[PDB]
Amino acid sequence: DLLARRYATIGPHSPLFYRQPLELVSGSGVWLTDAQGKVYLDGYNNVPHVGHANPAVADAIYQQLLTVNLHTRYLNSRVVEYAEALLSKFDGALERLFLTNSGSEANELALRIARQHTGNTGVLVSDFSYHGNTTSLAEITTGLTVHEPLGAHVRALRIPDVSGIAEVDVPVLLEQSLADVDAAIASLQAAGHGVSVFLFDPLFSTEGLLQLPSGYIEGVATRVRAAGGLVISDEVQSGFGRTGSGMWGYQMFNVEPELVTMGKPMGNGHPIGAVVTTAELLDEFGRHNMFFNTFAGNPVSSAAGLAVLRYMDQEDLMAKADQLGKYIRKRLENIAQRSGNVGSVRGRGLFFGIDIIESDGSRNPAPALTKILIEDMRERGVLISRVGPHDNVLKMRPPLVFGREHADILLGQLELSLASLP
């Protein structure tokens, strides 16, 4: 029995989705098949950015595996080709790269570059976030359970959300949120840490897909820079065109970060991450450290990353996601008008969510109804999930090859699922 064999090797704690674990044995594009032969529409996975079993990615890997696959202490063209392609997707002073093998490795390295450059240790993060699984990341984690107490060098911020707030009240929410930033900064200075970084997910997805007031990110950047710190945009959830309106999530705001980190989608499932930064910051850190990552930038990893960028450009996926997101938003707003169990509609491009609420007039978060909806949608052949501190934001985030025919399948089942609640 597979579950028992898993528990005897990797253990019973490593997480599994659903009340009954699901065994997935094959996939193609947006479609997955279980060990019983049931077929599902993927409304969840972002690692297969260009679709399950994409054959252009598979072929690029295979052909390089039959050539050579050594570390970067020997010259080889593939890593340079990939670095050129990836950096062509950045403007401004973001013109150099460190490659890694995961998003956690990228965020660990970005915090290390910042601590050395600033001479400060303080970290500003959201109060319900997750950026990876190393010791330095565990000490700043607020959105998942870790044994490490929150570090004395960390201040957690309540990131503002305008969802459901009267427009007249927005400027005061912005003002109070920026005063909380000044107070965090002043506390870190008084206690001798100073300010090293502000680190954020531009979609604020773990937090419940927040809609920020205009001027908050710009305001935080100005205050952090007056204090001698840097801004890191973690693009693991929001990058590679997921938002539709730009390649990188930070482009939704009036900010150009000094450091950008990435992972998940980048190699369609191959282990790849990166830190994109300025010439000054890369040169300084290399003068000061004999830094080397053995697997980073090998020719096969580089072939995989090049095939992902080439495929997304040839198939126009970012522009498609921008157009389709406009359609999905209209459909979800109609659904919210018709269901007493739906609150705000959140997100853009191919990252959407809806708040699930009691229909008794309270508008209280309904996490038990949300779990019903996730399990019912699985029975109906659709894989979705949830996010947020009240466990009630129903999330829709498929591979970036998801089209209008797929949107109509997902949205039709979701309507039937909502209609079946009490």
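Counting begins at 1, following the sequence as shown.
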* To do: Using the B-factors recorded in the PDB entry, average over the C-alpha atoms of 324-332 and of 79-87, then report which stretch comes out higher.
  => 324-332
* Comparing 238-246 with 101-109, which stretch shows the greater average C-alpha B-factor in the deposited entry? -> 238-246
* To do: Have a look at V195, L157, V168, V275 and flag the one whose Cα has the highest B-factor in the entry.
  => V168
* Based on what the PDB entry reports, which of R348, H288, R310, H131 has the top C-alpha B-factor? -> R348
* To do: Could you say whether, by C-alpha temperature factor, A179 belongs to the lowest, middle or highest third of its chain?
  => highest
* Structure fact -> Of the three thirds of the chain ranked by Cα temperature factor, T33 occupies the middle
* Asked: With respect to C-alpha B-factor, does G267 fall in the lowest, middle or highest third of the chain as deposited?
  -> lowest
* To do: Could you look up the Cα B-factor of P55 in the entry and say which third of the chain it sits in: lowest, middle or highest?
  => lowest
* **B-factor third for the C-alpha atom of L41 within its chain** => middle
